[PDB]
Amino acid sequence: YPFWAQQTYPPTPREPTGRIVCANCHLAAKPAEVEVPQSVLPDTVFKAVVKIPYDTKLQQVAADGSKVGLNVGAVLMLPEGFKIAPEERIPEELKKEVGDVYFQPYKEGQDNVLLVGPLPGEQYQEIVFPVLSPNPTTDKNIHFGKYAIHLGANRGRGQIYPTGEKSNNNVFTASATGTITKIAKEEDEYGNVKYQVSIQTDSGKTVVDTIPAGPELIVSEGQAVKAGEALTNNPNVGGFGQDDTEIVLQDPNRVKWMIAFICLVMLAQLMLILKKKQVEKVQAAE
Amino acid sequence: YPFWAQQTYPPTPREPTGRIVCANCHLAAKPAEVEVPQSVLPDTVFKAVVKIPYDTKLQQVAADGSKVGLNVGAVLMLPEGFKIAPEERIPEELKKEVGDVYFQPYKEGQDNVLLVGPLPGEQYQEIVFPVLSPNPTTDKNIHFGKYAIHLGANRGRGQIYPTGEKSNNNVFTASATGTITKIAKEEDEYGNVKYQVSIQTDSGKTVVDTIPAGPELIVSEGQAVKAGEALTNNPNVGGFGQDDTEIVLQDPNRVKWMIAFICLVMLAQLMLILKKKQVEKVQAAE
Amino acid sequence: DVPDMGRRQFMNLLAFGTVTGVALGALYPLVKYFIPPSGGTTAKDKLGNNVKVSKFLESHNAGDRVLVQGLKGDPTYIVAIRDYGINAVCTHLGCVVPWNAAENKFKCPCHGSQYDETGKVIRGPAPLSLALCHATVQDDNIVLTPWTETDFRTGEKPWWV
Amino acid sequence: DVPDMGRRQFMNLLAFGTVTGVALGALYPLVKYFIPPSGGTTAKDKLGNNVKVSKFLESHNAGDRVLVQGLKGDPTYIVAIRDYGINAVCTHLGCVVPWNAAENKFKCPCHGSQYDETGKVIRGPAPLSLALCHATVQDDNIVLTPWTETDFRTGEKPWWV
Amino acid sequence: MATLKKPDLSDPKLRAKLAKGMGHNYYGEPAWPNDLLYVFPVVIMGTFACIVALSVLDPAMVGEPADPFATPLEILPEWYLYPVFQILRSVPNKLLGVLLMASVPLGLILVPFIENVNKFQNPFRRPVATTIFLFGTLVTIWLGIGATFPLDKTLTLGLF
Amino acid sequence: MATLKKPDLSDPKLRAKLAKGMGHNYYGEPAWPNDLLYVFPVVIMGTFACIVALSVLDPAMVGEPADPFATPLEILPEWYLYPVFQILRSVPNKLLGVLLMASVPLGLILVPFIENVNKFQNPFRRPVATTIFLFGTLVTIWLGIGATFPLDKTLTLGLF
Amino acid sequence: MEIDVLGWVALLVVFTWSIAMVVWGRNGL
Amino acid sequence: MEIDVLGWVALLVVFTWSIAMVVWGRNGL
Amino acid sequence: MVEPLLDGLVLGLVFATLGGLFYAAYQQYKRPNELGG
Amino acid sequence: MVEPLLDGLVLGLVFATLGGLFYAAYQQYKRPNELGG
Amino acid sequence: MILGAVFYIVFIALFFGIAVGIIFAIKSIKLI
Amino acid sequence: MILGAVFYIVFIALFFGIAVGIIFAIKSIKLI
Amino acid sequence: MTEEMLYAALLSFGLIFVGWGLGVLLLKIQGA
Amino acid sequence: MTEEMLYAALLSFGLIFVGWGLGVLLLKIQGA
Amino acid sequence: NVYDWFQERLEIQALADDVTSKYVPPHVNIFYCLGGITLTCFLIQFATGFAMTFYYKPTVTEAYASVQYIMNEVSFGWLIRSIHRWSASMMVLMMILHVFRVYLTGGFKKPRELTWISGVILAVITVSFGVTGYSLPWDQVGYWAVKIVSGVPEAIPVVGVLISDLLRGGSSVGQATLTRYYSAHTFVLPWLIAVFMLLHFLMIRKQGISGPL
Amino acid sequence: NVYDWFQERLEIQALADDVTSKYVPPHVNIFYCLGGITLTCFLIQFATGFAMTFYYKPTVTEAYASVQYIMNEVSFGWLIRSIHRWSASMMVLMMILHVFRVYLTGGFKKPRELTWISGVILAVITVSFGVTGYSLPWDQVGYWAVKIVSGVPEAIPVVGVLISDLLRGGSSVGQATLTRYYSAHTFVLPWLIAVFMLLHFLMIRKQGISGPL
Ligand SMILES: CC1=C(/C=C/C(C)=C\C=C\C(C)=C\C=C\C=C(C)\C=C\C=C(C)\C=C\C2=C(C)CCCC2(C)C)C(C)(C)CCC1
């Protein structure tokens, strides 16, 4: 969960390589998108849209084995100075779009690194961020210019718990090399099923393999398979996705003066061509 | 004394400005010279000559007041790697020139910063240093090239003792502003004369001025002079002097190959002019 | 049915005037660019740090006469700290001038100028006193701001103002 | 009474040959100059320091899989310390390859190559194993020297020798 | 009209030029004022104004400090290097890639000789050439875009 | 002999040159081979060999790290700056020194106009000029050497 | 938030107007 | 300590020999 | 690091140029020559 | 920092040049002209 | 877009008209 | 000095002689 | 990101023709 | 230090004449 | 007067005449501009390039920070550098469109194959500008681009390595690399491009434009 | 063949002819070399200068140490830098002897006063090279030389300061100063000197050498 990134990697969700720590546990891979305007003026509220698409009509394995829908979460790194817009400055139509999203900073201070979710996949297939652009005029250490935004969006249950132990939304290889004899199936009355399995004969051999319910087996009895080969098929239908983009904290005077200069240029060009036209005449009169 | 530089300024005799700490107490100024060869080959003994000239037939004030001859001393900073030649590698004729000079390093390790004297002025008017040039071939951190040598030579008694108190080889200004009444002259039976003097009347006033024997007075009784004006003439006839120069730790292969190339050049030049001569002919035949 | 010189001349001026305009417009920001980015600032030591005023008084010389990376980069002498700093840059050409406790005078070594306990000249080809400035003591460090208040040493306006 | 072509040609060769000689002689040291100054060297961290082997084992990750500014500048993995270092430079193009404890494989992110506990390939367009080298432990730091002894992993000669 | 001067085909000098394919700046509209002094500035000012406009609307970014221990995941050369880069990464024998790269300039050099056989300028009157050009252009654009895809999906451009 | 060609004084073009003082590379020994190809290399190689020789016998030194808090006692600009430096330090009104300095190039510019009055090249046939030149040269050398003395002993050059 | 739009537009306008002035000036292709 | 001397001398010799070859070559001033 | 605007710009100009170039060859391949070659 | 060898070099060449220059003006001021001016 | 289009038209428009405007303006006071 | 002088003479000397030597050598086998 | 590329391509391509036609038209209205 | 300057001046000045004369002589012995 | 002053000595008039005597033939359309636009782009590079040499610091400790200084604190630095960036890409592009016009106009054929060859060289030089500038900010992108290309030449047998060590200042990318690339970008390549631009244009003025289609 | 290949297109022959048609008159003695020696000195500067840009690092933390690196650890670095040093002084000197020959030969008079003027400019440029290079080692001497000259222009009224701030990158000497001086020395001055050297030589080829004495 977004809040496990903070727990295991407190300082930042992003490694020097650009890879986000989510991937460290959500081992699958699905597309992720960000949308911000190309430019924003200083001190303005604008929309920043995260997209986490997936097949809505498809469920995944729950911890015990059920088959529930799946949820989405995300981390969104905006530029220094940027922050979630104050509620009273979010106009209504936007407020409707945003929803009951509990934007929470990665750590105290990092108000531009926002964590989001668990949120219900069905409706938060895309996620609006009302964000407020900083102002170089009242924060002398925030400058105009073009900055990066990094996204790290997920959907579906992870594969490793902050403790280290695997979850059940992945496949369970095989403990040893050789011949198997018995596919049992416990169920201690609290912790559900455990399709137990052993492998033997080769070097003496007797060793066991407990495997949590949720996946499907595509194994059958008596096989002679190797040490670490797929005996469990793959349950995961979620997976993690990244996306980077750029936004321009634009000073309007840069634009206004540029437009001026452009006009001056079109004007000079005119005068030049007209001048040629005058000369094109004189030249006929020779 | 050279050994007071080390005492008051232990790390080095030379300030970042290039000024040597001797001057800090020897306040006068007389010419000082160094002579080293323009170049020396690696691992060679050569002469480095310090000169401290002055009027041999002229004495200065001793501490008590006598009128004894005066002595010379010096600090000589040679380049890293350079050191006083080993006695068995100083050939005889040089050894004769050097004398009973007790070359002593500025501190442990600084074998290229040598202190010299007190030495008798009469004969050590110049001072030979048998020095041995380092070898880049057996000290990989000593390189060929051109390096500086700084000299700081003195003669005659100083003006400040390492304690702070003035000596008697300088003049003694005047303690106050105004009218003087009595020029006494003690002599506590151990510490000699003390031409005592007072100044008064102006602002009430009564204050005294003790002045150690050695100098001559050019003052007389009753004067109305100011606070800090020459009442003692100037005894010093010594003084400090500096001199910098350069020496080239020269690799002989640089020279040998250079000479080769020069010869190749003179050869090519020849061939060219001869070729013109051939052409000067052909051209007459047209 | 052909424009005369005065009319060809009018069109030349109209055109090449506008071109000149565009040129100046482009040349403007290029000029501004080359002028270095820009009362007084906090004072630093050799490495351009910021001096701890505690470790300064504890350890920096009997009867302090000390160099500091002062205002405008100039090394300024800093002598409870004294009211004012003595701007150590010789005023003839521009060498930094050493303090001489054994004479109560500054001496410009380059061409021989001399000064006082206060800056202020008194000899040598140097035609002006060493410059003075405020030295208070904010939070941890020292702060330097320029001396507008006239020269308590000479009388009339300070040459730096 | 005039030299023929063959004699003018002889003098041309004699002269311009000597000129060529001088040119080459001058060009020689200029060429040598541009070739950068130059078994193995002591190993450093991020700032190019030198690593204290004590503060390394005390604090640098559960089941160490760690990057070091190794031989020839190459970042080399350092995994009592293991026999050998794993040269982390991907062998297809040249990206540094991350360790993956959650799979016991190296993965080249650029175009997908994979390796082992030992370097040695096993997937991806990368046509060679990650390079190995000696990691002993002199005085305070670690020392790295090249692996001449053949590949205890593949069999025959190492591609770097 | 514009303003025009016809080839003085009575000038043997101009004819001897034209003969070695080379008298073509002797006739047409006069370059001075007309072109050099009136429209050249329009092209220059225009070129400058477009760049300025782009520079202000989409200014230069500043990336992260280089890290010698951390390879970026995203890591492309500039656009005009895409094709060569596609080639370089997607050809497993390294010396082959280097050679293929050098072949681009070296090849391009040979062109005028290779195509010197006939004397046709117009691309329609040299169908073989114009074809190999368009083919090469296409393969270039293709390779460039391919640089932009993941390596496995690179050559197929993700469609087959 | 050398090898020589006399001015074709029958060529009106050469005469019209010479008339505006300007036909002098039309006659003499031929520059190609003779000079450009045979002795020029001698001058170049010679110039290079002298510098190389000096460079090896008296190589460049490395001074001490610059110290912004410690003015050197010894502190001169290179030799060709001595005169200007003498002027600059030994003239108490700063703006006067700047102006006097600029006067060296600006002055030197005016020379060809100033001395354009007559048409004499030879310094003997322009005694006034040649005198002011030698005087200036002398004052320059003097000032330069003066840069080398202490300021008080600078102008007298230590003799009066 | 639409001085921004005039901004981009001005780029498109000099791009268009330059080509226009070229063609016009030299009666052009 | 007199390969050093040949060293300086060689400088003086190309200085002299160059001027010599110039004069000779162009019969010169 | 990638910058589409630049890329889209490149493409539109590459195809517009290649186009206009063939258009000009054609327009001349076809009412060719005159005034002498 | 000062480097006599360079200085002595400068002087000897300055005076040798000024000399030879006047020598050449003279040598020509005096058997002048011929072949036409 | 739609606002971009409108602005664009209008931007060119003004200028086209300043051109045309200025030929004639210039022309029929006899200057071209 | 004295050794510098001697070397100098001898250095020029050899070369002068290689020159003169080589005209003739070259000349009176008819080459100049 | 990708919407930018298409905008840019369409416009760089098509606006050329707008300017072209605009030029041609300016020509038509001047007469030659 | 100062001995160097004088050496250098004397030699740069005088050696010119040695080379000069040497050139002139080489000329004399070649005949023209 | 003046024309007279200069005419008497330098023959300014002949200069004027070579200019006012070149004519442009009917077949020269708008694409015959691409060369001059490619040049205009470069002059822009030279101006803004030079300007940035007054603030940019070619040191691994200093380079990146000097770039953010020019962006943030230098007057119009953001503009000057944004222009250098854009106009760098525009030069390469206009050069390519220029190569298109040449080829689809047969203007590279006898007697102009040296103009074509010097052009190819110009293109390699320009790409070299781009690659070296790319690495000067010493950021993540620039640094890993160098770390990748610098290794390419090691495949070349006999020399390969030596070549690579030569244009990176040793084994591995580092300060020496940045130093050398900075020399390349602001000293070597500007001179080379100037020479071959000179030859390109000289041959062009001599032979005039290619013929009609 | 080849002469033919090139002749057909470029007219190589005309080039050959302009060369083999210039003659040297009797009055041109040895001092008429001083100009070319002054140039030879500069080419030497350009070579060795360029070479040192491959190791020298224009940073107050790095400059001095890079110089001792070139002296001590770079192959023939000591030679390359000793040459740059000596040949720098030799250029200024030969230039002066060159100015002597011009003046005591009246070769600066109508119609050659622009050759003389461009020459003065060349002399100011060369002195500028010297002054800026002098400070690049960022040692005691170089640093205090800058600290002294940079202040000279403050006497000039109205501007003075502004001029000074411009060529030192602010108030006071420091990193900005070294950065700007490095730009000057290795980028600005090499281009300027090239232009005015170009003009100098062009006017000379056009007007030929001055007349006899
Ligand atoms: C190094 C070098 C060089 C050199 C240059 C210089 C730098 C200088 C020179 C200079 C010189 C070259 C000088 C000369 C001079 C001479 C003189 C100074 C003369 C004298 C004269 C007189 C004084 C007189 C006497 C007489 C005579 C002698 C004879 C006749 C008669 C009579 C008697 C008249 C060169 C480049 C060339 C080459 C290579 C290198």
# chains A, B, ... in the order shown; residues from 1 in each chain; ligands from 1
>>> residues_around(residues="residue 115 of chain A", least_positions_apart="3", cutoff="8 Å", atoms="only C-alpha atoms", output="PDB file with N, CA, C and O atoms, in the first residue's frame")
ATOM      1  N   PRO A   2       0.403   2.300  -0.668  1.00  0.00           N
ATOM      2  CA  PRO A   2       1.171   3.543  -0.734  1.00  0.00           C
ATOM      3  C   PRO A   2       1.857   3.836   0.595  1.00  0.00           C
ATOM      4  O   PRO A   2       2.972   4.358   0.623  1.00  0.00           O
ATOM      5  N   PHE A   3       1.195   3.476   1.688  1.00  0.00           N
ATOM      6  CA  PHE A   3       1.711   3.775   3.013  1.00  0.00           C
ATOM      7  C   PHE A   3       2.769   2.764   3.469  1.00  0.00           C
ATOM      8  O   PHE A   3       3.329   2.886   4.554  1.00  0.00           O
ATOM      9  N   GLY A  73      -3.903   2.516  -6.299  1.00  0.00           N
ATOM     10  CA  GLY A  73      -3.199   3.500  -5.481  1.00  0.00           C
ATOM     11  C   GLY A  73      -2.136   4.184  -6.325  1.00  0.00           C
ATOM     12  O   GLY A  73      -1.887   3.759  -7.433  1.00  0.00           O
ATOM     13  N   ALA A  74      -1.508   5.246  -5.843  1.00  0.00           N
ATOM     14  CA  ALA A  74      -0.516   5.927  -6.664  1.00  0.00           C
ATOM     15  C   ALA A  74       0.329   6.929  -5.883  1.00  0.00           C
ATOM     16  O   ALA A  74      -0.113   7.486  -4.871  1.00  0.00           O
ATOM     17  N   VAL A  75       1.556   7.134  -6.362  1.00  0.00           N
ATOM     18  CA  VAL A  75       2.396   8.228  -5.886  1.00  0.00           C
ATOM     19  C   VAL A  75       2.668   9.193  -7.030  1.00  0.00           C
ATOM     20  O   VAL A  75       2.957   8.783  -8.144  1.00  0.00           O
ATOM     21  N   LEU A  76       2.551  10.482  -6.754  1.00  0.00           N
ATOM     22  CA  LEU A  76       2.714  11.488  -7.789  1.00  0.00           C
ATOM     23  C   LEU A  76       3.656  12.568  -7.288  1.00  0.00           C
ATOM     24  O   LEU A  76       3.343  13.296  -6.358  1.00  0.00           O
ATOM     25  N   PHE A 103      -5.495  12.756  -0.321  1.00  0.00           N
ATOM     26  CA  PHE A 103      -4.119  13.078  -0.676  1.00  0.00           C
ATOM     27  C   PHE A 103      -3.254  13.207   0.580  1.00  0.00           C
ATOM     28  O   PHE A 103      -3.533  14.035   1.437  1.00  0.00           O
ATOM     29  N   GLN A 104      -2.202  12.406   0.691  1.00  0.00           N
ATOM     30  CA  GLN A 104      -1.319  12.524   1.843  1.00  0.00           C
ATOM     31  C   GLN A 104       0.168  12.546   1.480  1.00  0.00           C
ATOM     32  O   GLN A 104       0.657  11.636   0.821  1.00  0.00           O
ATOM     33  N   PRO A 105       0.885  13.591   1.933  1.00  0.00           N
ATOM     34  CA  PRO A 105       2.308  13.845   1.673  1.00  0.00           C
ATOM     35  C   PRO A 105       3.203  12.685   2.066  1.00  0.00           C
ATOM     36  O   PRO A 105       2.886  11.962   3.004  1.00  0.00           O
ATOM     37  N   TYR A 106       4.318  12.526   1.362  1.00  0.00           N
ATOM     38  CA  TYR A 106       5.163  11.359   1.550  1.00  0.00           C
ATOM     39  C   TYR A 106       5.822  11.395   2.909  1.00  0.00           C
ATOM     40  O   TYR A 106       6.147  10.357   3.486  1.00  0.00           O
TER      41      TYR A 106
END
>>> residues_around(residues="residue 18 of chain K", least_positions_apart="5", cutoff="10 Å", atoms="only C-alpha atoms", output="PyMOL selection string")
(chain A and resi 267+270) or (chain K and resi 12-13+23+25)
>>> calpha_fit_and_write(fixed="chain I", moving="chain J", output="mmCIF file with C-alpha atoms, in the first residue's frame")
data_model
loop_
_atom_site.group_PDB
_atom_site.id
_atom_site.type_symbol
_atom_site.label_atom_id
_atom_site.label_comp_id
_atom_site.auth_asym_id
_atom_site.auth_seq_id
_atom_site.Cartn_x
_atom_site.Cartn_y
_atom_site.Cartn_z
ATOM 1 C CA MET J 1 14.750 12.074 -22.412
ATOM 2 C CA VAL J 2 12.147 12.671 -25.133
ATOM 3 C CA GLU J 3 10.377 15.820 -26.350
ATOM 4 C CA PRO J 4 7.482 15.090 -28.756
ATOM 5 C CA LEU J 5 6.709 18.655 -29.866
ATOM 6 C CA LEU J 6 10.225 18.521 -31.354
ATOM 7 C CA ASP J 7 9.520 15.075 -32.820
ATOM 8 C CA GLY J 8 6.117 16.014 -34.290
ATOM 9 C CA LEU J 9 7.796 19.134 -35.623
ATOM 10 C CA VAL J 10 10.530 17.111 -37.289
ATOM 11 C CA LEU J 11 8.031 14.777 -38.963
ATOM 12 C CA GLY J 12 5.625 17.392 -40.310
ATOM 13 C CA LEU J 13 8.506 19.350 -41.789
ATOM 14 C CA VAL J 14 10.177 16.250 -43.210
ATOM 15 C CA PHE J 15 7.022 15.181 -45.053
ATOM 16 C CA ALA J 16 6.028 18.699 -46.068
ATOM 17 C CA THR J 17 9.512 19.227 -47.495
ATOM 18 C CA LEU J 18 9.794 15.879 -49.299
ATOM 19 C CA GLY J 19 6.358 16.635 -50.699
ATOM 20 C CA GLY J 20 6.969 20.173 -51.945
ATOM 21 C CA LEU J 21 10.288 18.972 -53.351
ATOM 22 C CA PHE J 22 8.683 16.321 -55.554
ATOM 23 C CA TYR J 23 5.943 18.820 -56.390
ATOM 24 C CA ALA J 24 8.587 21.218 -57.692
ATOM 25 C CA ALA J 25 10.424 18.553 -59.704
ATOM 26 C CA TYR J 26 7.126 17.551 -61.241
ATOM 27 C CA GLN J 27 5.899 21.051 -61.975
ATOM 28 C CA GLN J 28 9.110 21.416 -63.994
ATOM 29 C CA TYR J 29 9.477 17.890 -65.362
ATOM 30 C CA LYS J 30 6.411 18.897 -67.237
ATOM 31 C CA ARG J 31 6.476 22.459 -68.412
ATOM 32 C CA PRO J 32 10.278 22.304 -68.504
ATOM 33 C CA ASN J 33 13.300 24.135 -69.792
ATOM 34 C CA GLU J 34 12.490 27.317 -71.597
ATOM 35 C CA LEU J 35 14.808 30.308 -72.178
ATOM 36 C CA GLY J 36 17.559 27.846 -73.133
ATOM 37 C CA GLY J 37 18.401 25.289 -70.470
#
>>> interface_residues(of="chain H", to="chain N", cutoff="7 Å", atoms="only C-alpha atoms", output="VMD selection string")
chain H and resid 16 to 17 19 to 21 23 to 24 27
>>> write_last_selection(atoms="N, CA and C atoms", output="short mmCIF file (atom, residue, chain, number, x, y, z; two decimals), in the first residue's frame")
data_model
loop_
_atom_site.label_atom_id
_atom_site.label_comp_id
_atom_site.auth_asym_id
_atom_site.auth_seq_id
_atom_site.Cartn_x
_atom_site.Cartn_y
_atom_site.Cartn_z
N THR H 16 72.21 31.31 -34.59
CA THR H 16 73.23 31.79 -35.53
C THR H 16 73.07 31.17 -36.92
N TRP H 17 72.82 29.87 -36.95
CA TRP H 17 72.80 29.10 -38.17
C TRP H 17 71.57 29.43 -38.98
N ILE H 19 70.02 32.49 -39.08
CA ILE H 19 70.33 33.76 -39.70
C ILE H 19 71.32 33.54 -40.84
N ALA H 20 72.29 32.66 -40.62
CA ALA H 20 73.26 32.36 -41.64
C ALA H 20 72.55 31.82 -42.87
N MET H 21 71.67 30.84 -42.69
CA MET H 21 71.01 30.18 -43.81
C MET H 21 70.05 31.11 -44.53
N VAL H 23 70.43 34.60 -44.79
CA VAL H 23 71.32 35.45 -45.57
C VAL H 23 71.85 34.73 -46.81
N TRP H 24 72.47 33.58 -46.60
CA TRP H 24 73.02 32.79 -47.68
C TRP H 24 71.95 32.54 -48.74
N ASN H 27 70.97 35.78 -50.25
CA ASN H 27 72.05 36.70 -50.58
C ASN H 27 71.88 38.01 -49.82
#
>>> atom_distance(atom1="atom CA of residue 155 of chain O", atom2="atom CA of residue 98 of chain E")
7.4 Å
>>> atom_distance(atom1="atom CA of residue 16 of chain L", atom2="atom 26 (C, counted along the ligand's line) of ligand 1")
24.2 Å
>>> closest_residue(among="F:91, F:36, F:49, F:2", to="chain D", atoms="only C-alpha atoms")
F:49
>>> interface_residues(of="chain H", to="chain L", cutoff="10 Å", atoms="only C-alpha atoms", output="list in words")
residues 2, 4, 5, 6, 7, 8, 9, 10, 11, 12, 13, 14, 16, 17 and 20 of chain H
>>> residues_around(residues="residue 89 of chain C", least_positions_apart="2", cutoff="10 Å", atoms="only C-alpha atoms", output="PyMOL selection string")
(chain C and resi 74-77+86-87+91-98+108+129-131) or (chain F and resi 69+71)
>>> select_by_dssp(residues="chain H", states="helix (DSSP H, G or I)", output="MDAnalysis selection string")
chainID H and resid 3:25
>>> residues_around(residues="residue 120 of chain E", least_positions_apart="6", cutoff="12 Å", atoms="only C-alpha atoms", output="list in words")
residues 21, 112, 126, 127, 128, 129 and 130 of chain E; 25 and 29 of chain I; 103, 104, 105, 106, 107, 108, 109, 110, 210, 211, 212 and 213 of chain O
>>> write_last_selection(atoms="N, CA and C atoms", output="JSON list (two decimals), in the first residue's frame")
[["chain", "number", "residue", "atom", "x", "y", "z"],
["E", 21, "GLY", "N", 28.09, 22.77, -66.99],
["E", 21, "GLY", "CA", 26.95, 22.74, -66.09],
["E", 21, "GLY", "C", 27.04, 23.77, -64.99],
["E", 112, "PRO", "N", 27.44, 10.80, -55.08],
["E", 112, "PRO", "CA", 27.62, 11.61, -56.29],
["E", 112, "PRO", "C", 28.41, 10.89, -57.38],
["E", 126, "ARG", "N", 15.24, 9.95, -62.97],
["E", 126, "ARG", "CA", 16.14, 8.95, -62.41],
["E", 126, "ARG", "C", 15.39, 8.09, -61.40],
["E", 127, "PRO", "N", 14.46, 7.29, -61.91],
["E", 127, "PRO", "CA", 13.54, 6.48, -61.12],
["E", 127, "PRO", "C", 14.25, 5.51, -60.20],
["E", 128, "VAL", "N", 15.34, 4.91, -60.66],
["E", 128, "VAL", "CA", 16.06, 3.95, -59.82],
["E", 128, "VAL", "C", 16.59, 4.65, -58.58],
["E", 129, "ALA", "N", 17.27, 5.77, -58.80],
["E", 129, "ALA", "CA", 17.78, 6.58, -57.70],
["E", 129, "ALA", "C", 16.65, 6.96, -56.77],
["E", 130, "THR", "N", 15.71, 7.76, -57.27],
["E", 130, "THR", "CA", 14.60, 8.25, -56.45],
["E", 130, "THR", "C", 13.94, 7.14, -55.64],
["I", 25, "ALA", "N", 9.74, 19.30, -58.65],
["I", 25, "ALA", "CA", 10.42, 18.55, -59.70],
["I", 25, "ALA", "C", 9.44, 18.27, -60.82],
["I", 29, "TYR", "N", 9.30, 19.07, -64.52],
["I", 29, "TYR", "CA", 9.48, 17.89, -65.36],
["I", 29, "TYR", "C", 8.48, 17.89, -66.51],
["O", 103, "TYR", "N", 19.63, 16.59, -52.92],
["O", 103, "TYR", "CA", 19.53, 15.31, -53.60],
["O", 103, "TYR", "C", 18.39, 15.23, -54.61],
["O", 104, "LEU", "N", 17.21, 15.71, -54.23],
["O", 104, "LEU", "CA", 16.04, 15.72, -55.09],
["O", 104, "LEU", "C", 16.10, 16.90, -56.05],
["O", 105, "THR", "N", 17.32, 17.38, -56.30],
["O", 105, "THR", "CA", 17.55, 18.46, -57.24],
["O", 105, "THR", "C", 18.83, 18.17, -58.04],
["O", 106, "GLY", "N", 19.48, 17.05, -57.73],
["O", 106, "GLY", "CA", 20.65, 16.61, -58.44],
["O", 106, "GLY", "C", 21.79, 17.60, -58.41],
["O", 107, "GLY", "N", 21.77, 18.49, -57.42],
["O", 107, "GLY", "CA", 22.75, 19.57, -57.34],
["O", 107, "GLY", "C", 24.10, 19.15, -56.78],
["O", 108, "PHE", "N", 24.25, 17.85, -56.55],
["O", 108, "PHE", "CA", 25.46, 17.29, -55.97],
["O", 108, "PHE", "C", 26.29, 16.56, -57.00],
["O", 109, "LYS", "N", 26.01, 16.80, -58.27],
["O", 109, "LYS", "CA", 26.62, 16.03, -59.35],
["O", 109, "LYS", "C", 27.65, 16.90, -60.05],
["O", 110, "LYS", "N", 28.57, 16.27, -60.79],
["O", 110, "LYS", "CA", 29.60, 17.01, -61.50],
["O", 110, "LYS", "C", 29.03, 18.36, -61.90],
["O", 210, "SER", "N", 23.31, 25.05, -58.90],
["O", 210, "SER", "CA", 23.13, 24.00, -59.89],
["O", 210, "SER", "C", 22.11, 24.45, -60.91],
["O", 211, "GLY", "N", 21.91, 23.65, -61.95],
["O", 211, "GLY", "CA", 21.00, 23.99, -63.02],
["O", 211, "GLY", "C", 19.54, 23.67, -62.71],
["O", 212, "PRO", "N", 18.66, 23.92, -63.69],
["O", 212, "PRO", "CA", 17.21, 23.84, -63.57],
["O", 212, "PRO", "C", 16.71, 22.41, -63.68],
["O", 213, "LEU", "N", 15.44, 22.17, -63.34],
["O", 213, "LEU", "CA", 14.84, 20.85, -63.46],
["O", 213, "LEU", "C", 13.79, 20.83, -64.58]]
>>> residues_around(residues="residue 185 of chain A", least_positions_apart="3", cutoff="10 Å", atoms="only C-alpha atoms", output="list in words")
residues 182, 192, 193, 194, 195, 196, 197, 210, 211, 212 and 213 of chain A
>>> closest_atom_pairs(of="chain P", to="chain E", cutoff="12 Å", atoms="only C-alpha atoms", output="Markdown table")
| residue | atom | partner | partner_atom | distance |
| --- | --- | --- | --- | --- |
| P:7 | CA | E:20 | CA | 11.7 |
| P:8 | CA | E:20 | CA | 8.0 |
| P:9 | CA | E:20 | CA | 8.1 |
| P:10 | CA | E:22 | CA | 11.0 |
| P:11 | CA | E:17 | CA | 12.0 |
